[PDB]
Each structure stands twice: as structure tokens, then as C-alpha cells.
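Peer 1: Opening with a subset of the complex:
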Amino acid sequence: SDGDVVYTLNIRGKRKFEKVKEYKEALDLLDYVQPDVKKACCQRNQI
């Protein structure tokens, strides 16, 4: 249910942000695509 609560994360440091933002993008995509793509992803490039 908690997927639209805009939680701002002011990350001081560009390089630092690049890491975190990569995680937020990844989390947003995790919460985006079908659960089955995750299974197929598991056997695509995951371990």
C-alpha cells in the first residue's frame, strides 16, 4: 500500500546520490514490472 507517499531524500554528494538514486530507481522498477519477470530475471542475470 505504501507506494505513493512522496518521501524526499536529500542526498548530499553527487556520487553518493548516484548510488542511492540507483537504488530508488531499482526499487521503483521492482515495484513496477510483473512478479514473473522477477522469476525470469532470477534465471536471466540473477543469483
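Peer 2: Happy to help now that I have it. Numbering: from 1, shown residues only, chains lettered A, B, ... in the order given.

Peer 1: from the middle of its chain, how far away would stretch A:1-16 be?
Peer 2: Relative to its parent chain, stretch A:1-16 has a centroid offset of 11 Å by Cα atoms, centre = their mean, to the nearest Å.

Peer 1: For that stretch, C-alpha coordinates in PDB please.
Peer 2: Only the C-alpha atoms of stretch A:1-16 are listed here, as PDB (Å, rounded to 0.1, in the frame of the first residue of the first chain):
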ATOM      1  CA  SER A   1       0.000   0.000   0.000                       C
ATOM      2  CA  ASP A   2       2.900   2.400   0.800                       C
ATOM      3  CA  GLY A   3       3.900   3.200  -2.800                       C
ATOM      4  CA  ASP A   4       2.700   6.800  -3.400                       C
ATOM      5  CA  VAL A   5       3.900   8.500  -0.300                       C
ATOM      6  CA  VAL A   6       6.400  11.000  -1.700                       C
ATOM      7  CA  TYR A   7       9.300  10.700   0.600                       C
ATOM      8  CA  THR A   8      12.000  13.200  -0.300                       C
ATOM      9  CA  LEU A   9      15.600  12.000   0.400                       C
ATOM     10  CA  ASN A  10      18.100  14.900   0.100                       C
ATOM     11  CA  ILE A  11      21.300  13.200  -0.500                       C
ATOM     12  CA  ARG A  12      24.300  15.400  -0.100                       C
ATOM     13  CA  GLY A  13      27.000  14.400  -2.500                       C
ATOM     14  CA  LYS A  14      26.600  13.600  -6.200                       C
ATOM     15  CA  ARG A  15      28.400  10.300  -6.200                       C
ATOM     16  CA  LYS A  16      26.600   9.300  -3.100                       C
END
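
Peer 1: mind adding chain B? sequence follows:
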Amino acid sequence: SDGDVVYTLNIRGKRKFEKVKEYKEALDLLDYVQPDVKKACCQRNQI
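Peer 2: Now chain B, sitting on the chains shown earlier:
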């Protein structure tokens, strides 16, 4: 391109691992689903 180079990450601590593990899944997914779903994701649940 480095997406199939098995890099083991021994994460001591269950709760800790749970955080990283989802990140690795999220990253695996970032490199999995079509770039267009990421665009649509941007307008689905991203900011």
C-alpha cells in the same frame, strides 16, 4: 558491459542482507526489464 560477472557479497547480518538483497534484485531487474517500462514506471510510481 558487466552484468553476468558473479560477484559474491557475503553480508553478515540477516536484516542487513534483506536490505542489500532487495537492492541486488532491484539492480538485477533494472538490467532486466525493457527501458520503456522504466519510462512508464517513471509515471507509474516514480519521482
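
Peer 1: hang on, residue A:17 packs against residue A:11?
Peer 2: Yes. In this structure, residue A:17 is within contact of residue A:11 by Cβ atoms under 8 Å, at 4.2 Å. Placement of C-beta: from N, CA and C, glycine included.

Peer 1: Would you mind naming what in chain A lies close to chain B?
Peer 2: By Cβ under 8 Å from any Cβ of the partner chain, the part of chain A that sits against chain B consists of A:3-4, A:6, A:22-33, A:37-38, A:40-42, A:44-47.

Peer 1: Following element in sequence after the helix or strand residue A:18 falls within, please.
Peer 2: Secondary structure assigned from DSSP states H and E places residue A:18 in helix A:14-30. Toward the C-terminus, helix A:14-30 is succeeded by helix A:35-45 as the next helix or strand (DSSP H and E).

Peer 1: Output the contacting helices and strands for that following helix.
Peer 2: Packing partners of helix A:35-45 (3 or more Cβ pairs under 8 Å, 6 or more residues apart in numbering or on different chains; DSSP states H and E): helix B:14-30.

Peer 1: Go ahead and add chain C:
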Amino acid sequence: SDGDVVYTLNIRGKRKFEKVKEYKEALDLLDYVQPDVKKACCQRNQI
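Peer 2: Adding chain C to the chains above:
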């Protein structure tokens, strides 16, 4: 030198943010405490 550049990351979704926010805190901490604590941390709970 990019460690003090405020890069806002609006993370929609509480649970999502909780993960990334802990990552930004963790990164901010990586970029804070003494380098020797990292060595000791490496052998404290890191692998």
C-alpha cells in the same frame, strides 16, 4: 569533490523510501566515520 552536493531523491512509497533512506544514511556514514573504523568494520561485521 562531490560529497556535499544536495541531490534530492523523491521516493514515492514509504517502504521503498525506508530502504533507500537507510542506504543514503549508510552512504553518508561511509563518507563520515574514520577510515580505520572501516577496516575494523571490515572485520567486525563485514565480509
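
Peer 1: residues of the helix holding residue A:18 that come out buried?
Peer 2: Residues of helix A:14-30 classed as buried by neighbour count (16 or more other Cβ atoms under 10 Å in any protein chain shown): A:16-17, A:19-30.

Peer 1: who in chain A is up against chain C?
Peer 2: Contact residues, chain A versus chain C (Cβ under 8 Å from any Cβ): A:2-17, A:19-21, A:23-24, A:27-28, A:31.

Peer 1: and the angle for the helix holding residue A:18 with helix C:14-30?
Peer 2: In terms of direction (axes from the mean of the first three to the mean of the last three Cα atoms, to 10 degrees), helix A:14-30 departs from helix C:14-30 by 160 degrees.

Peer 1: got a list of contacts for helix A:14-30?
Peer 2: Helix A:14-30 has contacts (Cβ atoms under 8 Å, 6 or more residues apart in numbering or on different chains) with A:9, A:11, A:38, B:22-23, B:25-27, B:29-30, B:33, B:37-38, B:41-42, B:45-46, C:2-3, C:5, C:7, C:9, C:11-13, C:16, C:19-20, C:23-24, C:27-28, C:31.
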